[PDB]
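Numbering (this note's numbering), first residue to last: -18 to 281. We treat Cβ as the ideally placed atom computed from N, Cα and C, and that holds for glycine. The structure appears below as structure tokens.
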Amino acid sequence: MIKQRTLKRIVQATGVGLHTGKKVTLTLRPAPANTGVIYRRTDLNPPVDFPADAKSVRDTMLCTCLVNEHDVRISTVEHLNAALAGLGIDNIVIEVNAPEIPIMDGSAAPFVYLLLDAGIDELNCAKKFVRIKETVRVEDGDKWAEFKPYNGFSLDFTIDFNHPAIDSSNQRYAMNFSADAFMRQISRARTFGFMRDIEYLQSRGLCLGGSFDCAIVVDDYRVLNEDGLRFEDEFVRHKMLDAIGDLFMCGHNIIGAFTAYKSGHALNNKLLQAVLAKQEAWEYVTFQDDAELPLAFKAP
Ligand SMILES: C[C@@H](O)[C@H](NC(=O)c1ccc(C#CC#Cc2cccc(N)c2)cc1)C(=O)N=O
Ligand SMILES: C#Cc1ccc(C(=O)N[C@H](C(=O)N=O)[C@@H](C)O)cc1
Ligand SMILES: [Zn+2]
């Protein structure tokens, strides 16, 4: 039987928050079966829990955040969340002594190593997948994203970049998901932003943790980062990192074909909720026989 997984040990890392510019201590914890992914703030007293849920997502100007009953928020969860999907973590408690998850280097890669340190612990309970049964499409103007039936997990991302530092050769990335593919092709792709916008926010006391160390930054004409890009198509690669993170907000690996045109947090999540809302459009599945497991979701 393909089992749910959690961490073997508690681990912790430190980093700067994109918003506050302050040191944030991150602590990952093992958790029992079926409890799923939980983000927790410990700066507040008492601590607040934010169960990872498609409904609780809000796409803020900077990255994304989760919201509770009272509109208290925990921010910048999506990159770490993507790494959770990547390494196949089902149950876990994620604590920060601050309003946000550290931004680190702008990618998911630093989280990969952190999770590796924590190790994997298989729990004696079946792991549930969300198998796409019907085609489901959502749009926003000329933008669209859809899930289609397919025995595996694939993503086909196209984003409209009109920037001089992003070539037409590098607007599209497509992959068949797998822990290995995620760690090597996707995890190191950093987030990006426009330099004047960031200057402005920082002049207004926002985005204070922003630096070359946490994001690709471009002016009107070129990438400003001394060392350039980790990939020629690092931008679209990070957008797929973000898509994986968005989709995993439901706490389950999805079996199907993801396709998106100019999609983003808002639209990815809109698809996710649309799919989950239509009862006939999907179903839970478990694998007693380990060999039935689709290629995409085998251990790393
Ligand atoms: C792209 C988008 O979807 C999203 N990214 C963000 O919202 C975002 C926005 C800004 C920054 C940044 C910065 C900086 C700086 C800097 C450099 C040099 C000197 C100084 N003073 C400052 C990083 C991420 C995302 O990844 N969501 O998952
Ligand atoms: C707060 C805030 C804030 C949010 C978004 C913008 C923005 O759209 N900037 C424009 C731009 O094209 N950026 O790439 C143009 C204006 O540069 C500016 C400020
Ligand atoms: Zn991102």
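For residue i, the residue or residues it bridges with in DSSP
| i | result |
| --- | --- |
| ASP121 | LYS124 |
| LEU9 | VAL(-8), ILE75 |
| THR139 | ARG153, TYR242 |
| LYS129 | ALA238 |
| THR41 | According to DSSP, which records beta bridges pairwise, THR41 is partnered with nothing at all. |
| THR(-13) | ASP102 |
| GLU81 | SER56 |
| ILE197 | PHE173 |
| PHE110 | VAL266 |
| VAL48 | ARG54 |
| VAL204 | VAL199 |
| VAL(-3) | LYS4 |
| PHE134 | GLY237 |
Cβ-Cβ distance between residue i and residue j below 7 Å
| i | j | result |
| --- | --- | --- |
| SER135 | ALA280 | no |
| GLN(-15) | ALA14 | yes |
| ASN234 | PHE31 | no |
| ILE82 | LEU9 | no |
| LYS108 | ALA262 | no |
| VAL58 | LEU7 | no |
| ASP141 | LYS243 | yes |
| residue 289 | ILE225 | Nothing can be reported for residue 289, as the shown portion of the chain is limited to -18 through 281. |
| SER37 | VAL48 | yes |
| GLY100 | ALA160 | no |
| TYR20 | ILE(-9) | no |
| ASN206 | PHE193 | yes |
| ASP121 | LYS(-11) | no |
| residue 290 | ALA89 | The question about residue 290 has no answer here: the residues shown for the chain are numbered -18 through 281. |
| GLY245 | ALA33 | no |
| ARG112 | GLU273 | no |
| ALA79 | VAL29 | no |
| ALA247 | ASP40 | yes |
Close Cβ partners of residue i (< 7 Å) along its chain, the five nearest in sequence each way excluded
| i | result |
| --- | --- |
| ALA162 | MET156 |
| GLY174 | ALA196, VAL198 |
Same chain only: Cβ atoms within 6 Å of residue i, ignoring 5 sequence neighbours per side
| i | result |
| --- | --- |
| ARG118 | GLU127 |
| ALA(-6) | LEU7, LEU95 |
| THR240 | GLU127, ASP137 |
| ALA255 | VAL117, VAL119 |
| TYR131 | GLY237, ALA238 |
| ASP200 | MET176 |
| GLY87 | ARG171, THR172, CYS195, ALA196 |
| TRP125 | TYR242 |
| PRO91 | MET85 |
Where residue i falls: helix, strand or coil (DSSP)
| i | result |
| --- | --- |
| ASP214 | coil |
| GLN269 | coil |
| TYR20 | strand |
| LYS3 | coil |
| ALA170 | coil |
| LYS251 | helix |
| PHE229 | helix |
| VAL29 | strand |
| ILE70 | coil |
| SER88 | coil |
| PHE158 | coil |
| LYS220 | helix |
| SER184 | helix |
| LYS259 | coil |
| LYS279 | coil |
| residue 288 | Beyond the ends of the chain as shown, which are -18 and 281, falls residue 288; an answer cannot be given. |
Same chain, Cβ closer than 8 Å to residue i, five either side skipped, listed in chain order
| i | result |
| --- | --- |
| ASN105 | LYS(-16), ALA14 |
| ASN72 | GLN(-15), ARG(-14), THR(-13), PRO11, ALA12, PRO13, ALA14, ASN15, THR16, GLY17, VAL18, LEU104 |
| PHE158 | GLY133, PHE134, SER135, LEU136, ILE225, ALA277, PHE278 |
| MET(-18) | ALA107, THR267, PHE268, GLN269, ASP271 |
| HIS51 | none |
| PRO275 | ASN132, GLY133, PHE134, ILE236 |
| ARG218 | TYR154, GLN166, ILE167, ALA170, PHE212 |
inquiry  = Across the segment 188 to 202 and the segment 95 to 107, are there enough close Cβ pairs to call them in contact, namely three or more that are closer than 8 Å?
reply    = no
key: Cβ contact check for the segment 247 to 264 and the segment 141 to 157: 3 or more pairs under 8 Å   = no
key: Cβ contact (3+ pairs, closer than 8 Å) linking the segment 199 to 211 and the segment 164 to 173   = A contact between stretches requires three or more CB pairs, one per stretch, nearer than 8 Å, and the segment 199 to 211 meets this requirement with the segment 164 to 173.
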